[PDB]
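Next come structure tokens for two forms of one protein chain, structure 1 first, structure 2 second.
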Structure 1
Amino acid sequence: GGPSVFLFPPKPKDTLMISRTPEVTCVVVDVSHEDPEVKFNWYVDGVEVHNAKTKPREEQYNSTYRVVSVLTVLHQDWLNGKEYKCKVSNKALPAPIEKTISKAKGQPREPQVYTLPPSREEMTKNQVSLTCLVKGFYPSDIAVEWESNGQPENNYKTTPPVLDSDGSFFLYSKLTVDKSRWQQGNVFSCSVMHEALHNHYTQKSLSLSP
């Protein structure tokens, strides 16, 4: 029938750290050998731009060609809602294919970050759960990590964002540590990246209070 276009956003962390390079990815699949030519046009807010890096086509094991084009986006443009259009032209199509993407839309809402110590009843266990509540944020793109003086604490798991009853999102992150480390008074820190925080970052700390 005709080829199909997919347009993918940057990775969320790449949009929240100015040191990183967010990029948007236009993928064309189902390109026939009969008309194998593929032209990309990129627009930012309706204005054609020219810095996209297209990859040379690559044949698939199902006898179709796959062509990829990558446009780097500016940290501030993406956060300011600019919209990115990929236009794919190929002989086999009646009219060119237009896909548009941007950051999740909606008024931004800054998260409230709260650490919760292990439950009393959980103090019987050889491991305990440190809880980071992140609530009230909009949009849902977010990243959460845990640290203890310098090094990342990676035995943690974070729930997906959940739509709350006021239209904002919340989640929880659970860090599991040896009960000894928690009682040795060590400081544990939940750090949160989200667009609506100052510099898109905050951290909150948790320690035994005796």
Structure 2
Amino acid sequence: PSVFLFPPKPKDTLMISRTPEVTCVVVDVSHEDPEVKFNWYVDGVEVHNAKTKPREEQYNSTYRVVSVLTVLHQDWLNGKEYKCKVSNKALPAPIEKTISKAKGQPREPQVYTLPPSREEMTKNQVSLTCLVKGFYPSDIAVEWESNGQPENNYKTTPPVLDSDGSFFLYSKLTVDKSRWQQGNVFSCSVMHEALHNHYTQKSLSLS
């Protein structure tokens, strides 16, 4: 059987209101050795409050058994080390994967907004750009707002690694050229641990 350990969503670890969960996925458990017994540890110290989900048989030969652990916000942002430990008869020794927040100094993202280029202004819709660079680790979340209302016609590139070991990304919001003319304000907002209040906003409006 094969063990895969997953980290929480970036907004879940950043907002005091939400619930971050580290997940531990067991795959390839036989119908003759079906017993999977987990053992979680936070800095090697065993915890018992994991919520093992209903065992679901995957559509092939085998089941997959998933254990959800809520993590403390302080702990994950102090990159404590979460050890999943799945035991099965079919295994030689118990398998032990280990996840944590990315090690090293957290670095503040720089957030810049870029307005559509003139060549684009000839088209029906235009492209509002948000550059976010110099941040570490790569766990981040980017959204678009206008008139304090969620804009949702955007796409964001993945974090790309840069020469200093920090990350950058761009987010592109697509709007009707008409709407951007008449100088509406559109806002790019970024949530990252290194920010004060784990949030910054920047904005952009027709000059």
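Between two forms, the rigid core is defined as the largest C-alpha subset superposing within 1.5 Å. Structure 1's sequence is the ruler for residue numbers, which start at 1.
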Q.
Of these two forms of the chain, identify the one that is the form whose entry title says "closed conformation".
A. 2
Q.
I want to check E59: does it shift between structure 1 and structure 2 by 2 Å or more at the Cα, with the core superposed?
A. yes
Q | Cα displacement of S32 between structure 1 and structure 2, once the rigid core is superposed (Å) | A | 1.8
Q) Taking the rigid core as the frame of reference, how far in Å is the Cα of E121 displaced between structure 1 and structure 2? A) 2.6
Q.
Give the rigid core superposed Cα shift of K135 between structure 1 and structure 2, in Å, rounded to one decimal.
A. 0.9
